[PDB]
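Please read the structure below before turning to the comments.
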Amino acid sequence: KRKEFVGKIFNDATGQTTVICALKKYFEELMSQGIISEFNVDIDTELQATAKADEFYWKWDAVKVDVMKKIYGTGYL
Amino acid sequence: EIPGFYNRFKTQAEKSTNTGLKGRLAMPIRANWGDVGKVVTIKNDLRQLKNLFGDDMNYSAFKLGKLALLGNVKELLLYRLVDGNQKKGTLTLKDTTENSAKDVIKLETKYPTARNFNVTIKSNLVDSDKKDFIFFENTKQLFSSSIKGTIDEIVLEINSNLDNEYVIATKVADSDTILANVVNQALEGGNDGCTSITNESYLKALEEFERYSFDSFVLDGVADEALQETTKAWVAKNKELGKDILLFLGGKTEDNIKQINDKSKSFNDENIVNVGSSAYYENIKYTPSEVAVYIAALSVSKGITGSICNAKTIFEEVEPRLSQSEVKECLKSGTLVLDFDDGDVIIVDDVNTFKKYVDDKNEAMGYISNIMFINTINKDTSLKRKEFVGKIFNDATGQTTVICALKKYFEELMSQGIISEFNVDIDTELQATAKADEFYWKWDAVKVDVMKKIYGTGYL
């Protein structure tokens, strides 16, 4: 995505929104595959406040879907 | 392939099948004949046992194998026990063309043994250069052959026909000279298999047996105590490692019923079954462990959908013989003992050594059939491990799929009637505490019982 967004959109609210929307679409594609159980992606307003005008900061959390490695069963008769 | 109409006929087992067999059993054995140092599976035809380990009843191998096969096990797994000195028989042949005769062929038994496998070589009466090679065991002829006086063709023919499977021929030298005549010369240098067999050999055999999976183990029909504790610990380890192996044992012939009951008290793990009674089948006695082989074989052949509490035995006599007081004493002790309730010898009950204790491991656990059921459920579940572990994502869909598969399995069990009632569900108590990469689940069931006791009251 660097080449899609770097040097091609103006760092205004519109450009930031477009970048966030594209990343959200990608993560929602991942969600549709079920790989991720939960996620959120948002602007890193903490670092964006300190960001220079020609740069952008963003944050995202996710939860990869696990797999059974261990399984335990208990029986009653 | 090229165009055409190419038939490939497959009438190999059209209706040559029957379903009267089940189960598999482990067997450390002492044998005069057969393979050494490997765990070999034997199909229930005793001819296979006779071929692959001989027909000598002086050895644990053939006798306990026959008992197990009469127990109707689907596949009997054997292991020949030996001391390191145990050896193959051997014989050497020499030429006669040269005055300084040179060894040119050596004959060695195909399997380690000490039996008197004998060989004869004589001048061929038809062809001048041919020698008639004949093979015996104590003069009982196995195979005869005739080859011209070149060593390569001689050894190739002797190794070619499977009628000569008892012995292997190897070339000592590349001679084209006339062989020396021998008459019933035994393949000496071999050693038997009953030579200095100790607990270490059994330990090695058990370590070999760790590879495989079994329905029961019986320990060679030998009642040596230290071997019994060793096998007890070994089975406990196997259970903790997810291998659900059942063990049958038999006390010494010298032990009184009190001593047998004391030993059956000493054993209290559910996978331990102690056998007290001795028996005769072909007018030949069998120690409690030798018949423990047969009872384990019959139990595994029964599988699920059956029991042993009144299964008829092949034995023509049983001893020592018990009144109802003695029978009740033995059952309370957890001992399993045969009985003569009718003109045949009949198994008294389904009990195991655990039965001395009651409540936590329930009274049904005191019966062998319940243990076989639980081990089977554990085995099928531990088969499902590979289907489900590391292959589905722990989401609600994966949990539902696992639960649905287990429900289908238990419903298959219900269709067979083995279970009267069951439910299987997620263990939400432990699932709440479960780590994200694991799953917990619970199930209740009710195995269908069998009449052991019946009572009738009459009115006239």
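Ligands are numbered from 1 in the order shown, chains are lettered A, B, ... in the order of the structure tokens, and residues start at 1 in each chain.
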
### Query
Near residue 149 in chain B, counting only C-alpha atoms, which residues have an atom at most 10 Å away, once you skip same-chain residues fewer than 4 positions from it, shown as a list in words?
residues 95, 128, 129, 130, 131, 153, 154, 175, 176, 177, 178 and 179 of chain B

Those residues you just picked out, can you put them in a file as an mmCIF file, in the first residue's frame with N, CA, C and O atoms?
data_model
loop_
_atom_site.group_PDB
_atom_site.id
_atom_site.type_symbol
_atom_site.label_atom_id
_atom_site.label_comp_id
_atom_site.auth_asym_id
_atom_site.auth_seq_id
_atom_site.Cartn_x
_atom_site.Cartn_y
_atom_site.Cartn_z
ATOM 1 N N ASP B 95 34.190 -79.502 -0.691
ATOM 2 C CA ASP B 95 34.371 -80.180 -1.966
ATOM 3 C C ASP B 95 35.214 -81.442 -1.792
ATOM 4 O O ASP B 95 35.825 -81.675 -0.747
ATOM 5 N N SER B 128 25.813 -87.919 -13.366
ATOM 6 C CA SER B 128 27.065 -88.206 -12.673
ATOM 7 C C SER B 128 27.447 -87.082 -11.715
ATOM 8 O O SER B 128 27.744 -87.329 -10.540
ATOM 9 N N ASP B 129 27.440 -85.839 -12.197
ATOM 10 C CA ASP B 129 27.929 -84.716 -11.403
ATOM 11 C C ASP B 129 26.901 -84.174 -10.416
ATOM 12 O O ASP B 129 27.254 -83.319 -9.597
ATOM 13 N N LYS B 130 25.657 -84.640 -10.467
ATOM 14 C CA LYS B 130 24.618 -84.104 -9.601
ATOM 15 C C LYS B 130 24.713 -84.703 -8.205
ATOM 16 O O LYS B 130 25.085 -85.868 -8.034
ATOM 17 N N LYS B 131 24.384 -83.885 -7.209
ATOM 18 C CA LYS B 131 24.292 -84.302 -5.817
ATOM 19 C C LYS B 131 22.872 -84.061 -5.337
ATOM 20 O O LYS B 131 22.299 -82.999 -5.598
ATOM 21 N N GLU B 153 25.002 -72.580 -8.701
ATOM 22 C CA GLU B 153 23.666 -73.098 -8.974
ATOM 23 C C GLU B 153 23.129 -73.880 -7.783
ATOM 24 O O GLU B 153 21.927 -73.837 -7.497
ATOM 25 N N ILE B 154 24.007 -74.588 -7.069
ATOM 26 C CA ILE B 154 23.573 -75.356 -5.903
ATOM 27 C C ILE B 154 22.990 -74.426 -4.846
ATOM 28 O O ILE B 154 21.874 -74.637 -4.355
ATOM 29 N N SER B 175 33.777 -72.295 -6.265
ATOM 30 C CA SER B 175 34.289 -73.563 -6.761
ATOM 31 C C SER B 175 33.296 -74.189 -7.730
ATOM 32 O O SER B 175 32.088 -73.951 -7.649
ATOM 33 N N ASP B 176 33.829 -74.974 -8.667
ATOM 34 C CA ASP B 176 33.041 -75.811 -9.565
ATOM 35 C C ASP B 176 33.314 -77.291 -9.316
ATOM 36 O O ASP B 176 33.236 -78.109 -10.235
ATOM 37 N N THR B 177 33.628 -77.638 -8.073
ATOM 38 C CA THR B 177 34.075 -78.969 -7.695
ATOM 39 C C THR B 177 32.936 -79.769 -7.076
ATOM 40 O O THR B 177 31.922 -79.221 -6.634
ATOM 41 N N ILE B 178 33.121 -81.088 -7.050
ATOM 42 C CA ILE B 178 32.096 -81.985 -6.529
ATOM 43 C C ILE B 178 32.036 -81.856 -5.013
ATOM 44 O O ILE B 178 33.066 -81.878 -4.329
ATOM 45 N N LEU B 179 30.823 -81.725 -4.483
ATOM 46 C CA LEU B 179 30.636 -81.567 -3.050
ATOM 47 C C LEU B 179 30.858 -82.889 -2.321
ATOM 48 O O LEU B 179 30.826 -83.973 -2.909
#

#### Entry: Shell of 10 Å around residue 252 in chain B, only C-alpha atoms, local chain residues under 3 positions omitted, as a list in words
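Counting only the stated atoms, we get residues 222, 223, 224, 225, 249, 255, 256, 259, 260, 275, 276, 277, 278, 287, 288 and 289 of chain B.
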
Write the residues of the preceding selection, restricted to N, CA, C and O atoms, as a compact mmCIF listing (two decimals), in the first residue's frame.
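Output (part.txt):
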# COMPACT_ATOMS: atom_id res chain seq x y z
N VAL B 222 3.75 -65.87 32.58
CA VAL B 222 4.74 -66.02 33.65
C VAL B 222 4.31 -65.15 34.81
O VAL B 222 3.95 -63.98 34.62
N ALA B 223 4.34 -65.71 36.02
CA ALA B 223 3.83 -65.06 37.22
C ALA B 223 4.94 -64.51 38.12
O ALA B 223 4.71 -64.32 39.32
N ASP B 224 6.12 -64.26 37.57
CA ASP B 224 7.21 -63.70 38.36
C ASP B 224 6.82 -62.32 38.87
O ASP B 224 6.34 -61.47 38.11
N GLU B 225 7.04 -62.09 40.17
CA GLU B 225 6.49 -60.91 40.82
C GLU B 225 7.11 -59.62 40.28
O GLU B 225 6.39 -58.70 39.87
N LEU B 249 -3.16 -60.75 34.42
CA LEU B 249 -2.10 -61.44 35.14
C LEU B 249 -2.67 -62.69 35.79
O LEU B 249 -3.88 -62.80 36.03
N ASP B 255 0.42 -70.51 44.92
CA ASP B 255 -0.33 -69.58 45.76
C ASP B 255 -1.68 -70.17 46.12
O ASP B 255 -2.42 -70.65 45.26
N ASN B 256 -2.01 -70.13 47.41
CA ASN B 256 -3.35 -70.47 47.85
C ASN B 256 -4.32 -69.39 47.42
O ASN B 256 -3.93 -68.29 47.02
N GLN B 259 -3.62 -66.34 49.16
CA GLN B 259 -2.50 -65.59 48.59
C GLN B 259 -2.90 -64.91 47.29
O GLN B 259 -2.49 -63.78 47.02
N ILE B 260 -3.68 -65.60 46.46
CA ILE B 260 -4.16 -65.00 45.22
C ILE B 260 -5.02 -63.78 45.53
O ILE B 260 -4.93 -62.75 44.85
N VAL B 275 -5.62 -63.57 37.78
CA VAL B 275 -6.25 -64.86 37.52
C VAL B 275 -5.71 -65.87 38.52
O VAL B 275 -4.50 -66.00 38.69
N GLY B 276 -6.62 -66.59 39.17
CA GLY B 276 -6.26 -67.54 40.21
C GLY B 276 -6.35 -68.99 39.78
O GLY B 276 -5.48 -69.80 40.12
N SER B 277 -7.39 -69.33 39.03
CA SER B 277 -7.67 -70.72 38.72
C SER B 277 -6.72 -71.26 37.66
O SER B 277 -6.31 -70.54 36.74
N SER B 278 -6.37 -72.53 37.80
CA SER B 278 -5.69 -73.30 36.77
C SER B 278 -6.71 -74.14 36.01
O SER B 278 -7.86 -74.27 36.41
N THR B 287 -1.17 -73.04 34.04
CA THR B 287 -1.03 -72.22 35.23
C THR B 287 -2.01 -71.05 35.15
O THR B 287 -2.57 -70.78 34.09
N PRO B 288 -2.24 -70.34 36.27
CA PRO B 288 -3.18 -69.21 36.22
C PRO B 288 -2.81 -68.15 35.20
O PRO B 288 -3.71 -67.51 34.63
N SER B 289 -1.52 -67.95 34.94
CA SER B 289 -1.10 -66.98 33.92
C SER B 289 -1.28 -67.53 32.51
O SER B 289 -1.62 -66.79 31.58

Set out as JSON lines a contact list for chain A and chain B with a cut-off of 10 Å, giving each residue of chain A that qualifies its closest atom pair and distance in Å to one decimal, counting only C-alpha atoms, ordered by chain and rising residue number.
{"residue": "A:34", "atom": "CA", "partner": "B:393", "partner_atom": "CA", "distance": 8.7}
{"residue": "A:35", "atom": "CA", "partner": "B:393", "partner_atom": "CA", "distance": 8.3}
{"residue": "A:37", "atom": "CA", "partner": "B:395", "partner_atom": "CA", "distance": 8.2}
{"residue": "A:64", "atom": "CA", "partner": "B:393", "partner_atom": "CA", "distance": 9.5}
{"residue": "A:65", "atom": "CA", "partner": "B:393", "partner_atom": "CA", "distance": 5.9}
{"residue": "A:66", "atom": "CA", "partner": "B:393", "partner_atom": "CA", "distance": 5.2}
{"residue": "A:67", "atom": "CA", "partner": "B:393", "partner_atom": "CA", "distance": 4.1}
{"residue": "A:68", "atom": "CA", "partner": "B:389", "partner_atom": "CA", "distance": 4.9}
{"residue": "A:69", "atom": "CA", "partner": "B:390", "partner_atom": "CA", "distance": 5.3}
{"residue": "A:70", "atom": "CA", "partner": "B:438", "partner_atom": "CA", "distance": 5.0}
{"residue": "A:71", "atom": "CA", "partner": "B:439", "partner_atom": "CA", "distance": 5.1}
{"residue": "A:72", "atom": "CA", "partner": "B:440", "partner_atom": "CA", "distance": 5.4}
{"residue": "A:73", "atom": "CA", "partner": "B:441", "partner_atom": "CA", "distance": 5.5}
{"residue": "A:74", "atom": "CA", "partner": "B:442", "partner_atom": "CA", "distance": 5.4}
{"residue": "A:75", "atom": "CA", "partner": "B:443", "partner_atom": "CA", "distance": 5.4}
{"residue": "A:76", "atom": "CA", "partner": "B:444", "partner_atom": "CA", "distance": 4.3}
{"residue": "A:77", "atom": "CA", "partner": "B:445", "partner_atom": "CA", "distance": 4.8}

### Contacts of residue 245 in chain B within 10 Å, only C-alpha atoms, excl. fewer than 5 positions in-chain, as a ChimeraX atom specification
/B:25-26,213-217,234-239,271-272,372,375

Emit the selected residues as a PDB file, in the first residue's frame, including N, CA and C atoms.
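Listing of result00.pdb after writing:
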ATOM      1  N   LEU B  25      -3.761 -58.481  20.566  1.00  0.00           N
ATOM      2  CA  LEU B  25      -3.120 -58.825  21.826  1.00  0.00           C
ATOM      3  C   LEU B  25      -1.606 -58.795  21.680  1.00  0.00           C
ATOM      4  N   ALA B  26      -0.937 -58.443  22.776  1.00  0.00           N
ATOM      5  CA  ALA B  26       0.514 -58.438  22.874  1.00  0.00           C
ATOM      6  C   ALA B  26       0.999 -59.714  23.552  1.00  0.00           C
ATOM      7  N   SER B 213       0.028 -50.433  19.429  1.00  0.00           N
ATOM      8  CA  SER B 213      -1.181 -50.259  20.220  1.00  0.00           C
ATOM      9  C   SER B 213      -1.855 -51.613  20.383  1.00  0.00           C
ATOM     10  N   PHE B 214      -2.436 -51.841  21.560  1.00  0.00           N
ATOM     11  CA  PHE B 214      -2.985 -53.141  21.914  1.00  0.00           C
ATOM     12  C   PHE B 214      -4.291 -52.973  22.670  1.00  0.00           C
ATOM     13  N   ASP B 215      -5.053 -54.064  22.712  1.00  0.00           N
ATOM     14  CA  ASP B 215      -6.236 -54.163  23.552  1.00  0.00           C
ATOM     15  C   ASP B 215      -5.945 -54.801  24.900  1.00  0.00           C
ATOM     16  N   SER B 216      -4.903 -55.628  24.998  1.00  0.00           N
ATOM     17  CA  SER B 216      -4.561 -56.246  26.270  1.00  0.00           C
ATOM     18  C   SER B 216      -3.128 -56.762  26.232  1.00  0.00           C
ATOM     19  N   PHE B 217      -2.597 -57.031  27.426  1.00  0.00           N
ATOM     20  CA  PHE B 217      -1.264 -57.589  27.616  1.00  0.00           C
ATOM     21  C   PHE B 217      -1.347 -58.621  28.734  1.00  0.00           C
ATOM     22  N   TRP B 234       4.762 -49.957  33.884  1.00  0.00           N
ATOM     23  CA  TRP B 234       4.824 -49.697  32.451  1.00  0.00           C
ATOM     24  C   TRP B 234       3.447 -49.350  31.898  1.00  0.00           C
ATOM     25  N   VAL B 235       2.419 -50.083  32.328  1.00  0.00           N
ATOM     26  CA  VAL B 235       1.062 -49.815  31.866  1.00  0.00           C
ATOM     27  C   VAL B 235       0.569 -48.485  32.414  1.00  0.00           C
ATOM     28  N   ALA B 236       0.928 -48.160  33.659  1.00  0.00           N
ATOM     29  CA  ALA B 236       0.557 -46.858  34.203  1.00  0.00           C
ATOM     30  C   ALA B 236       1.181 -45.733  33.388  1.00  0.00           C
ATOM     31  N   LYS B 237       2.457 -45.887  33.031  1.00  0.00           N
ATOM     32  CA  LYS B 237       3.121 -44.906  32.182  1.00  0.00           C
ATOM     33  C   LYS B 237       2.426 -44.791  30.833  1.00  0.00           C
ATOM     34  N   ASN B 238       2.072 -45.928  30.235  1.00  0.00           N
ATOM     35  CA  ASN B 238       1.412 -45.904  28.935  1.00  0.00           C
ATOM     36  C   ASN B 238       0.061 -45.205  29.018  1.00  0.00           C
ATOM     37  N   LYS B 239      -0.683 -45.449  30.097  1.00  0.00           N
ATOM     38  CA  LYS B 239      -1.958 -44.765  30.293  1.00  0.00           C
ATOM     39  C   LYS B 239      -1.753 -43.262  30.402  1.00  0.00           C
ATOM     40  N   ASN B 271      -6.786 -51.405  35.217  1.00  0.00           N
ATOM     41  CA  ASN B 271      -6.221 -52.111  34.077  1.00  0.00           C
ATOM     42  C   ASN B 271      -5.489 -53.392  34.465  1.00  0.00           C
ATOM     43  N   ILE B 272      -5.621 -53.851  35.709  1.00  0.00           N
ATOM     44  CA  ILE B 272      -4.966 -55.060  36.194  1.00  0.00           C
ATOM     45  C   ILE B 272      -6.039 -56.094  36.492  1.00  0.00           C
ATOM     46  N   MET B 372     -12.933 -51.774  29.072  1.00  0.00           N
ATOM     47  CA  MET B 372     -12.751 -51.886  27.632  1.00  0.00           C
ATOM     48  C   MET B 372     -13.524 -50.793  26.909  1.00  0.00           C
ATOM     49  N   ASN B 375     -11.669 -47.441  27.487  1.00  0.00           N
ATOM     50  CA  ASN B 375     -10.452 -47.413  26.688  1.00  0.00           C
ATOM     51  C   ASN B 375     -10.774 -47.220  25.215  1.00  0.00           C
TER      52      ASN B 375
END

### Close residues, range 15-30 of chain A itself excluded, 12 Å, only C-alpha atoms, min 3 positions apart in chain, as number ranges by chain
A: 1-12, 33-45, 48, 54-65

Deliver the residues from the most recent selection as a file, using N, CA and C atoms, as an mmCIF file, in the first residue's frame.
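The result, stored in result.cif:
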data_model
loop_
_atom_site.group_PDB
_atom_site.id
_atom_site.type_symbol
_atom_site.label_atom_id
_atom_site.label_comp_id
_atom_site.auth_asym_id
_atom_site.auth_seq_id
_atom_site.Cartn_x
_atom_site.Cartn_y
_atom_site.Cartn_z
ATOM 1 N N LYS A 1 0.809 -1.215 0.000
ATOM 2 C CA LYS A 1 0.000 0.000 0.000
ATOM 3 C C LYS A 1 0.844 1.267 0.000
ATOM 4 N N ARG A 2 2.135 1.162 0.359
ATOM 5 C CA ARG A 2 2.978 2.360 0.399
ATOM 6 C C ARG A 2 2.913 3.089 -0.938
ATOM 7 N N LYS A 3 3.094 2.347 -2.032
ATOM 8 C CA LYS A 3 3.178 2.932 -3.358
ATOM 9 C C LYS A 3 1.841 3.493 -3.803
ATOM 10 N N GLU A 4 0.745 2.944 -3.284
ATOM 11 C CA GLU A 4 -0.561 3.510 -3.576
ATOM 12 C C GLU A 4 -0.737 4.855 -2.888
ATOM 13 N N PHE A 5 -0.232 4.993 -1.657
ATOM 14 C CA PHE A 5 -0.528 6.169 -0.843
ATOM 15 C C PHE A 5 0.623 7.145 -0.662
ATOM 16 N N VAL A 6 1.878 6.703 -0.702
ATOM 17 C CA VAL A 6 2.975 7.630 -0.447
ATOM 18 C C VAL A 6 3.163 8.530 -1.659
ATOM 19 N N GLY A 7 3.241 9.834 -1.415
ATOM 20 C CA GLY A 7 3.515 10.766 -2.487
ATOM 21 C C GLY A 7 2.391 10.936 -3.476
ATOM 22 N N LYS A 8 1.158 10.590 -3.092
ATOM 23 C CA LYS A 8 0.034 10.613 -4.020
ATOM 24 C C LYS A 8 -1.257 11.127 -3.389
ATOM 25 N N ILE A 9 -1.235 11.574 -2.133
ATOM 26 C CA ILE A 9 -2.430 12.100 -1.483
ATOM 27 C C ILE A 9 -1.987 13.049 -0.380
ATOM 28 N N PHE A 10 -2.804 14.069 -0.129
ATOM 29 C CA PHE A 10 -2.309 15.352 0.351
ATOM 30 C C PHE A 10 -2.202 15.482 1.867
ATOM 31 N N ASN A 11 -2.334 14.411 2.645
ATOM 32 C CA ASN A 11 -2.219 14.479 4.105
ATOM 33 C C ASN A 11 -3.361 15.244 4.766
ATOM 34 N N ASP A 12 -4.347 15.714 4.011
ATOM 35 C CA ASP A 12 -5.483 16.400 4.602
ATOM 36 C C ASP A 12 -6.376 15.365 5.280
ATOM 37 N N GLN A 33 -12.633 -13.709 5.909
ATOM 38 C CA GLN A 33 -11.974 -15.006 5.888
ATOM 39 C C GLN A 33 -11.953 -15.677 7.256
ATOM 40 N N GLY A 34 -12.327 -14.964 8.318
ATOM 41 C CA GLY A 34 -12.351 -15.523 9.649
ATOM 42 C C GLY A 34 -11.010 -15.571 10.344
ATOM 43 N N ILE A 35 -9.945 -15.091 9.699
ATOM 44 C CA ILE A 35 -8.610 -15.176 10.284
ATOM 45 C C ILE A 35 -8.529 -14.337 11.550
ATOM 46 N N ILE A 36 -9.223 -13.204 11.569
ATOM 47 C CA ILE A 36 -9.225 -12.281 12.695
ATOM 48 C C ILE A 36 -10.585 -12.374 13.367
ATOM 49 N N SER A 37 -10.578 -12.493 14.693
ATOM 50 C CA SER A 37 -11.812 -12.504 15.466
ATOM 51 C C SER A 37 -12.283 -11.103 15.821
ATOM 52 N N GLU A 38 -11.355 -10.169 16.014
ATOM 53 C CA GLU A 38 -11.689 -8.797 16.362
ATOM 54 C C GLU A 38 -10.550 -7.897 15.913
ATOM 55 N N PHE A 39 -10.893 -6.672 15.521
ATOM 56 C CA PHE A 39 -9.876 -5.693 15.169
ATOM 57 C C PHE A 39 -10.465 -4.297 15.268
ATOM 58 N N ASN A 40 -9.567 -3.319 15.369
ATOM 59 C CA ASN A 40 -9.892 -1.927 15.111
ATOM 60 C C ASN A 40 -8.639 -1.262 14.562
ATOM 61 N N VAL A 41 -8.832 -0.329 13.636
ATOM 62 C CA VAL A 41 -7.737 0.428 13.038
ATOM 63 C C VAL A 41 -8.139 1.893 13.009
ATOM 64 N N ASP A 42 -7.257 2.756 13.505
ATOM 65 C CA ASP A 42 -7.572 4.163 13.685
ATOM 66 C C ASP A 42 -6.296 4.982 13.572
ATOM 67 N N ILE A 43 -6.478 6.289 13.394
ATOM 68 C CA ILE A 43 -5.348 7.204 13.339
ATOM 69 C C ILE A 43 -4.671 7.239 14.701
ATOM 70 N N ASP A 44 -3.341 7.336 14.691
ATOM 71 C CA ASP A 44 -2.548 7.373 15.916
ATOM 72 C C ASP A 44 -2.429 8.836 16.321
ATOM 73 N N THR A 45 -3.519 9.346 16.900
ATOM 74 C CA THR A 45 -3.615 10.771 17.200
ATOM 75 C C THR A 45 -2.538 11.218 18.179
ATOM 76 N N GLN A 48 0.221 11.384 15.748
ATOM 77 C CA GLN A 48 -0.177 12.317 14.700
ATOM 78 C C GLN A 48 -0.071 13.762 15.161
ATOM 79 N N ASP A 54 4.385 16.324 6.581
ATOM 80 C CA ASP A 54 4.533 15.477 5.405
ATOM 81 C C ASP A 54 4.499 13.992 5.742
ATOM 82 N N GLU A 55 3.935 13.616 6.891
ATOM 83 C CA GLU A 55 3.899 12.224 7.315
ATOM 84 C C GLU A 55 2.597 11.918 8.043
ATOM 85 N N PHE A 56 2.368 10.622 8.261
ATOM 86 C CA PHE A 56 1.127 10.106 8.817
ATOM 87 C C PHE A 56 1.445 8.959 9.767
ATOM 88 N N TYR A 57 0.715 8.903 10.879
ATOM 89 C CA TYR A 57 0.814 7.826 11.855
ATOM 90 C C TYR A 57 -0.559 7.207 12.056
ATOM 91 N N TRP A 58 -0.580 5.897 12.290
ATOM 92 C CA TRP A 58 -1.836 5.178 12.416
ATOM 93 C C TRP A 58 -1.587 3.960 13.289
ATOM 94 N N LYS A 59 -2.654 3.472 13.911
ATOM 95 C CA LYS A 59 -2.585 2.360 14.845
ATOM 96 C C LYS A 59 -3.668 1.347 14.511
ATOM 97 N N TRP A 60 -3.417 0.094 14.878
ATOM 98 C CA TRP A 60 -4.423 -0.942 14.710
ATOM 99 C C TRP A 60 -4.205 -2.047 15.730
ATOM 100 N N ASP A 61 -5.312 -2.559 16.262
ATOM 101 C CA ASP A 61 -5.322 -3.751 17.093
ATOM 102 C C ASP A 61 -6.082 -4.852 16.370
ATOM 103 N N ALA A 62 -5.730 -6.094 16.689
ATOM 104 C CA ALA A 62 -6.362 -7.246 16.067
ATOM 105 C C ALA A 62 -6.284 -8.428 17.018
ATOM 106 N N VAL A 63 -7.032 -9.475 16.682
ATOM 107 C CA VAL A 63 -7.006 -10.732 17.420
ATOM 108 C C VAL A 63 -7.042 -11.857 16.396
ATOM 109 N N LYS A 64 -5.886 -12.457 16.126
ATOM 110 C CA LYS A 64 -5.840 -13.597 15.223
ATOM 111 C C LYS A 64 -6.640 -14.749 15.810
ATOM 112 N N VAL A 65 -7.328 -15.480 14.939
ATOM 113 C CA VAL A 65 -8.122 -16.609 15.392
ATOM 114 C C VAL A 65 -7.171 -17.763 15.680
#

#### Entry: Those of chain A in DSSP alpha helix (DSSP H), formatted as a PyMOL selection string
chain A and resi 2-5+13-32+45-50

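Interatomic distance, CA of residue 361 in chain B to CA of residue 270 in chain B: 8.6 Å.
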
### Message
List as a PyMOL selection string the protein and nucleic acid residues near range 65-67 of chain B, meaning an atom at most 8 Å away when only C-alpha atoms are counted, but skip any in the same chain fewer than 6 places from it.
### Response
chain B and resi 46+49+76+291+293-294+297

### Task
Mind giving me the straight-line distance from CA of residue 384 in chain B to CA of residue 400 in chain B in Å, one decimal?
14.5 Å

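Atom pair CA of residue 298 in chain B / CA of residue 71 in chain B has a distance of 4.3 Å (rounded to one decimal).
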